2 protein chains.
Amino acid sequence: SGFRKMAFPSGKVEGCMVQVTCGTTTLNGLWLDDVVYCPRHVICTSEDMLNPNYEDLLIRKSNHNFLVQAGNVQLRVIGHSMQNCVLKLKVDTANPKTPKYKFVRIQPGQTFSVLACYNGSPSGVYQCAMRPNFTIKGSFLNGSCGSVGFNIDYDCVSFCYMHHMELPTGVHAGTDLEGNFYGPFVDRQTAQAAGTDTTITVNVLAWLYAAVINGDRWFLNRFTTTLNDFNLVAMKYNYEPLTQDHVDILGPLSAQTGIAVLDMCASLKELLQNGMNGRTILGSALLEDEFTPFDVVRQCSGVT
Amino acid sequence: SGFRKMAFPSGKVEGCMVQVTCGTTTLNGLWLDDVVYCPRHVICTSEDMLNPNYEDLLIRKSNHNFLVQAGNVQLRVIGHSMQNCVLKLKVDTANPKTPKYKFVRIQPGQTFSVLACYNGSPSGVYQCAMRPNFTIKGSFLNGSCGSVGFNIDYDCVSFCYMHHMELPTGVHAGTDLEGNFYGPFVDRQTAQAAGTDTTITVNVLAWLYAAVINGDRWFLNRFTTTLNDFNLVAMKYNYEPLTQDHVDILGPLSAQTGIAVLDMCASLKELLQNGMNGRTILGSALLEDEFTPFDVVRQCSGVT
Ligand SMILES: CS(=O)(=O)NCCN1CCCc2ccc(S(N)(=O)=O)cc21
Ligand SMILES: CS(=O)(=O)NCCN1CCCc2ccc(S(N)(=O)=O)cc21
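### So, the site of ligand 1
All names here are of chain A. Around ligand 1 sit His41, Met49, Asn142, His164, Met165, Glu166, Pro168, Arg188 and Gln189, and those are all the residues in its vicinity. At 2.9 Å from a nitrogen atom of ligand 1 is found a main-chain nitrogen or oxygen belonging to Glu166. Protein chains shield 66% of the accessible area of ligand 1, which is 480 Å² for the free molecule.

### Notes on the relation of the copies chain B and chain A
For the match of chain B to chain A, the screw axis carries a shift of 0.0 Å, the RMSD comes to 0.0 Å, and the turn is 180°. Within this description, the copies of the chain are treated as partners about a two-fold rotation axis. Closest to the rotation axis within chain B is the C-alpha of B:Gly11, separated from it by 1.8 Å. A shared binding surface is used by both copies, with 100% of the interface residues of chain B retained as interface residues in chain A.

### What about the pairing of strand β11 (residues 148-153) of chain A?
Residue and element names in this part refer to chain A. Taken across its 6 residues, β11 has 5 buried, putting it largely inside the fold. Across 3 bridges, the pairing between strand β9 (residues 111-118) and β11 is antiparallel. From the neighbouring strand, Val114 faces β11, where its bridge partner is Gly149. The pairing of β11 with strand β12 (residues 156-166) spans 6 bridges and is classified as antiparallel. What sits directly across from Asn151, in β12, is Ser158.

### A short note on the interface of chain B and chain A
Accessible area lost during the coming together of the parts is what is often quoted as the interface size. Across the boundary between the two partners, chain B contributes 42 residues, which contact 42 residues of chain A. Between chain B and chain A lies a buried interface of about 3,000 Å² when both sides are counted; carbon and sulfur atoms form 54% of it. At the surface where chain B touches chain A, the tally comes to 2 salt bridges. A salt bridge links B:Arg4 to A:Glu290; the nearest nitrogen and oxygen atoms lie 3.0 Å apart. Inspection of the region where chain B meets chain A yields 23 residue pairs in polar contact. Counting residues per element, the ones that place at least two in the side of chain B that touches chain A are α1 (11-14), β9 (111-118), β10 (121-129) and α8 (293-301) of chain B. Sorting elements by how many residues they give to the side of chain B that touches chain A places β10(B) first, with 8 residues. By residue class, the composition of the side of chain B that touches chain A is 17 nonpolar, 19 polar and 6 charged.

### Thoughts on the domain arrangement of chain A
Taken domain by domain, chain A comprises domain 1 (1-14 + 100-197), domain 2 (15-99) and domain 3 (198-301). Just the C-alpha atoms count here: the centres of domain 2 of chain A and domain 3 of chain A sit 43 Å apart.

### A closer look at α8(B)
All names here are of chain B. Burial in α8 covers these residues: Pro293, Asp295, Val296, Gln299 and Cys300. Down the axis of α8, the smallest arc covering the buried residues is 160°, so these residues share one side. On its buried face, α8 sits against β9, β10, α3 (201-213), α5 (244-249) and α6 (251-257). Looking one or two residues past α8, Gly302 carries a phi angle of roughly 75°, positive in sign.

### Things to note about the side chain of B:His164
Residue and element names in this part refer to chain B. By the element assignment, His164 lies in strand β12 (residues 156-166). On the basis of relative accessibility, which here comes to 2%, the residue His164 falls in the buried class. Looking at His164, its side chain comes within polar contact range of the side chain of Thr175, at 2.9 Å. For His164, the contacting residues outside a window of four places in its chain are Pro39, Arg40, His41, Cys85, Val86, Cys145, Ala173, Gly174, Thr175 and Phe181.

### A short note on helix α4 (residues 227-236) of chain B
Turn by turn, an α-helix covers 3.6 residues, leaving residues three or four places apart pointing in a common direction. Residues and elements named next belong to chain B. Looking at α4, one finds that the buried residues are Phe230, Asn231, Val233 and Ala234. For α4, the angular spread of the buried residues around the axis is 160°, confining them to a single face. Among the exposed residues of α4, those oriented more than 90 degrees off its buried face are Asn228, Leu232, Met235 and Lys236. Where α4 is buried, its residues touch α3 and α7 (261-274). Immediately beyond the C-terminal end of α4, within one or two residues, lies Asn238, with a positive phi of roughly 55°.

### Comments concerning the environment of B:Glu14
Note that B:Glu14 resides in helix α1. Given the relative accessible area of 18%, B:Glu14 is considered buried. Separated by 83 residues in the primary sequence, B:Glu14 and B:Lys97 place their C-alpha atoms 9.1 Å from one another. Among all residues touching B:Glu14, those that are not within four sequence positions of it are A:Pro9, A:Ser10, A:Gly11, B:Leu115 and B:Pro122. Polar side-chain contacts of B:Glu14 include one of 3.4 Å to the backbone nitrogen of A:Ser10.

Criteria and cut-off values
Residues numbered from 1 in each chain as written, not as in the entry; some residues may be left out. Chains lettered and ligands numbered in written order. Heavy atoms only, no water. Near = heavy atom within 4 Å. Polar contact = N/O pair within 3.5 Å; in protein donor to acceptor, adjacent residues only side chain to side chain. Areas by Shrake-Rupley, 256 points an atom, 1.4 Å probe, with all protein chains shown as cover. Least-squares fit on C-alpha atoms. Contact = heavy atoms within 4.5 Å. Buried < 20%, exposed > 50% of the residue type's maximum accessible area, 1.4 Å probe, protein only. Helix = DSSP H or I, 4+ residues; strand = E, 2+ residues; numbered from the N terminus. Pairing = 2+ DSSP bridges. Buried area = accessible area lost by both parts, 1.4 Å probe. Salt bridge = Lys/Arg side-chain N within 4 Å of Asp/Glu carboxyl O. Nonpolar A, V, L, I, M, F, W, Y, C, P; charged D, E, K, R; others polar. Domains from an automatic or database assignment. Arc of directions from axis to C-beta.

Shown next, in the form of structure tokens:
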């Protein structure tokens, strides 16, 4: 028992991290097969980042200007192309440590592990959620760009995120591995508004199920509710509206605990309206929304 | 910016995880050089765990009874010995993925990453603290025994923990890599009292410094205190007494922020006495104690 914010083991991704230097800028790259993927802003200087013309900037760069270093060995760049906001550097060597992988674009509310890197070197791993407003609340300092987010299913690594920037609000923005930003963000040093963020309701309910499984049951009450009545309360507290699809995904947890989804919603409604009264749930004094129903099932059953 | 409960990249430890089977019991082992380390309770059956005589139980076991499997290849066991609560299985092959490593016995209050494993396979990684009462609040299900805790300094993995058991209270107990339990715990299926746990005061102060560095400054006040006055309050709220050694370790954070340690203590005193008034610090509604002053410095400076 016990419930932790667990990240995936990062080994398969560590073997893909490289350092990419272009001019005076150095960030992280992802080496899969014979391609190195990195944020296209590696070609910008401090003057450029304010209003960069990436097409014009990339034209002044040749294969020999992209310095890709894997650990201590230098990779030979034989091709360069820009796909949306990522650069794809074709190298002459396939990464011998390339795991089985997919590029996937996650949905808001889904979770993933981030391997924070600097100079192509991994420093730490943590689990986070793609916020409903398409930002992530990570831990990224200068040089962390090109650090990636992923999920692991047995031997397959699904890369879902590449870090590009920190907004003036301190939240983080990035792209999928095809270089498409999550959200309305652009790779430009300009003030950018992240949408109104909401709490991922289905994840909070999944976490309440995880709490019941582990013994924290004080919040369970003698009440029930309807999807419509629950959503009136969810709207008032800036929670994502619960849909029947969310109820269906909570099915296995509802089955395991014997607590109907709408009964769990009534507990959540009471917690939203009354607060925690100084108590904690799974060692937390707030309602946790960065565990999906799949995370709860995996953790609560020991999926390796 | 941003502050996350970051674990070390687990790759160097993933390459050391093996499955160890003895009779009908299977748990995790740690393969370093030509030795596989695992909990000695791998030799117990369900009857044995209540009052095991490990010396007598191990005598009925020969090298051929310990089944050690690394991924998909079987290891040949050529020696077996018990050192405190761990078994050391000498294998005929040195692990080609053995990183530079040390066995270290951590102090209470220190942090480490845990690579939770099942059947020798890594499922997730998380950061935790060795509680002042020598327990850890982990996430461990049946089969997780033999999962290890570690710290990483550049290329050196310092193994500090091996999981052995869950107490009836749901907290976790284990040993250092020499098989010595942290705390008063024994590897016996009997009710065992963990001491009164206290909050790691120096870690809370380190985390308040991390908050100031990231912009959460609402808790800073116009007050100061003394070590003696602070400790009167720390005792009332079951916080570890702050020593000059703790003040000295907070030195770099105090220097970076320009907030004297005793001034930070006055803020903490006010938070202990008034609560958070519904506010959060670094996205947390309680005082976090699982970040050491070294963790804060490393994270806030990007140490890889
Ligand atoms: C952190 S730095 O010295 O400004 N380097 C350039 C970062 N830089 C490139 C990537 C795009 C981007 C977007 C926003 C912003 S910010 N935080 O609003 O100034 C900076 C930015
Ligand atoms: C989890 S199990 O089916 O009881 N397997 C034996 C575990 N088992 C071996 C390791 C030592 C130990 C210590 C305490 C306890 S408990 N939680 O108090 O029963 C069980 C225990």
